[PDB]
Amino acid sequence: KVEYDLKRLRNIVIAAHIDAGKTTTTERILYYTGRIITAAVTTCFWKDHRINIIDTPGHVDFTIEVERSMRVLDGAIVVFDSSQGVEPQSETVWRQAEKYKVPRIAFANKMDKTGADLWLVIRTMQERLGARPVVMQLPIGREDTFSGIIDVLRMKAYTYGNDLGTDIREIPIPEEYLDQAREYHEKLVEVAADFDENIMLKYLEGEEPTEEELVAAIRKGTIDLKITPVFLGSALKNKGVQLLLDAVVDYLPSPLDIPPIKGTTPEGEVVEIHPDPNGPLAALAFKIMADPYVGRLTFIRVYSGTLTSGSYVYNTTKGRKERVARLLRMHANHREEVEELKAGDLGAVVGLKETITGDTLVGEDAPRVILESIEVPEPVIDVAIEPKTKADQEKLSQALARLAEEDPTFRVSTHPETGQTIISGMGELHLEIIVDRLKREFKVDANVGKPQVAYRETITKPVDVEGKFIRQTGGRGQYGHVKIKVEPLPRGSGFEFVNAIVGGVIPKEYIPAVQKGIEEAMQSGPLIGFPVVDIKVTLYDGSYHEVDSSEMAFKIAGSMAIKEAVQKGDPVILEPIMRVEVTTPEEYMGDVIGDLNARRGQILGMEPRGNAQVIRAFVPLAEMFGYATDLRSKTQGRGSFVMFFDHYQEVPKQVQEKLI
C-alpha cells in the first residue's frame, strides 16, 4: 500500500559530478514528495507513483558498487552544474549510463548562480557526450533574477513567488519569451515525430499534436536511449524541482519498460527473469547496513514474485534458508513496516544473518537462480596502517573485525616481519575509500600509509630437502628433523599437505607442529618476501630425540625445510594479470593505446560505443599505481576506466629481475 501497480513504480538514481547538487536535489525531492541520508533506498510518492531513490555513495564513479547499483535501478536523473554544463565525471557517469543501458533525464541545476548557462550544458552534451539533448524548458531570467520556467512541451510558464518552494504560479508565457518558446516547441515536435508516425502525419499537414502524444513520444525516445530530455532549475532556491518530479513520472521507465534481468541456473542455462509478481521469488541483496534500531538491514530489489513478511527465502549463493522477520521501507523522515515487497520494488529485510551483498534470494521451493556470478575476486592490493596509541590500536580492530560484516570482500593480516596491520582490497580505487571510511565513521585519529600490491611465489621443479632444528636453548635440548618433497601444483590449486611418515619416524603429536611451521614459512618467499602458493608438500621422513623433541622444535624444522625447498626449487614470481575497461573519446585512441603498453600489456580488443571507444586490456596492476590522474592527463579529463582480477601469470625473464 498504496495499492501496488508495476506501471507506477519509478526506480531511479540521481547521478552527478561532485558539487553539482546531487544531495540538495535529492533532499528537495524528499521535501516536495513528503508534503501530505543514510538509507540505501528511500521511497516517496508523487502524483500517483512510487519513486524509489537509490543512494550511490561515490565521490568517484569508477568502482564495483556501480555494476551492482545499475542492475538495481531502472532510470536516472543526471544533474549538471549549470556554470560548467558538463565536467569530467559528468562525462564519466554518462559513459556508465550508456554502457549499462539506462534511460535518463538531465537537470541543469544552479540556474540562480553566477555563470549559469542552459546552453553551455546542451552544447556540451552534444559535443562531448553525443547525447541528443532536447530542450524541455526555457528559463525566465538570468542568474540573480532567474524567476520562472517555461514548459515548451505544453507552452505554459511558472513563476516563483519566493525561494522557499512555497509560491508557484502557472502563467501564460511572457510576451518577450513567446517566439523563443515557439521555436523550441516546434523543435520538440520535430523530435517527437521521429518516434511516432501519427505525429509525423500531423507535422506535414500543419497540425498541433495533443500533449499526450508528445509526452508518449518523448517517453519512448528516452527509454530506448535515443534522446535526453533536459530540465532546469535551482534546487537551492526551490524552482523547477516539482517539474523535475513531473518529468520522472512522464519520461523515466517503470520496471515494465526495460529488458528483464538475466540469471543463471546451476545447470548453466542463462535465463531471463520477468517482473511478474505471482511468479517465483527472485531478489538481490544490494547493500547491508548495520542499523541502530533493528540491526542488520539487508536491502533488496525484487525482480520476480513477491517477498513476504515472516516467510523463508533461500540464499542460492550461500546454501541456506533465512527467516525474513520484518519488511521495511525508508521514507525521508520515517520507517514504514510493510507486509510485502513485490516484483519491481525495493526495500529492506530484517532477519537475515548470513546474506551479504550480491547474494540472490529465492522462494524456498522456487527455481534456484543466481543473479551475480559466483566469485570473490582475489584480494590484490595490500597496505600498511598506523593507528598510533592504545586508544586507537584497540579501537581500530573494533571496526575491522566488525566493519567486514558490511563489506566482506576485503581481508586483513600482519606482515611476517613487521608486527602490525595490513589491509587488502582489489584495485587502487577500492582502497582509496576504506581508510577514510573509518577515521571518520569511528573517530579514529590515526596515521596514513601508502599502498603496495600482492604478488605471490611458487616453485617450478620438484625438490627434496630437509629441516633440522637442533639446539641447546632455554637450559634444554631442542630436536626436530623433517624431510619433505615439494612439488608444483597447477596454477590456482592452492596448497596440499601429504603425510607419508612410516611408523613413529616422526612421532604423531608433532605432525601438526611441522604443518604449522610450513604455512608460517610459506608467508615469505625468497626472491621478494611474498606468500607462496600452488605447492604440494609431502612429509616422508625425519627423526626425533626422546627428551629433547618438542612442538616448537618441529615447527621451526618445518619452517626451515619449506624455506629451503622454495629457494632450491627454481622459484618464480606470480603477478596478477588483471582486466581494465578504459573508456575514452575516440580522439585519444592511440595515446592510451601506447601508454597502457608502457606499463606491460597485451591489448585484448577495443570495441566502439557512443561517440567514443572501449579499450579492454590486460595489465599487471603493479605498473598501474595511480592510473586515475594519468589516464585523465592524456585524455583531457574525459576518460574513465574500470579494473578487476582475472588470473596469475609467471612473469617473463627481465620482469623477474627488476623486482630485485
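Position 1 is the first residue in the sequence shown; the rest follow in order.
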Completion exercise
According to the PDB record, deposited residues with no modelled atoms between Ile36 and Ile37 number 10 or more
Completion exercise
Assert higher mean C-alpha B factor (489-497 or 407-415, deposited values) equals 407-415
Exercise for the section: Report the stretch with the higher mean CA temperature factor, choosing between 135-143 and 366-374 on the basis of the entry. Expected result: 366-374
Practice task
Quick one: which of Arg182, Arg471, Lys443, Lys555 shows the highest Cα temperature factor in the PDB entry?
Solution key: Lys443
Problem - Residue with maximal Cα B-factor (values as given in the PDB entry) among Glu339, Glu127, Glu575, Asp382 - result: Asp382
Fill in the blank from the handout: Of the three thirds of the chain ranked by Cα temperature factor, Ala157 occupies the lowest
Exercise for the section: Just say lowest, middle or highest third for the CA B-factor of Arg301 relative to the other modelled residues in its chain. Expected result: lowest
Handout entry: B-factor third for the C-alpha atom of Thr210 within its chain
Key = middle
Handout entry: Within-chain third of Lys483 by Cα B-factor, per the entry
Key = lowest
Exercise for the section: Select lowest, middle or highest to describe the third in which the CA B-factor of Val324 falls within its chain in this entry. Expected result: middle
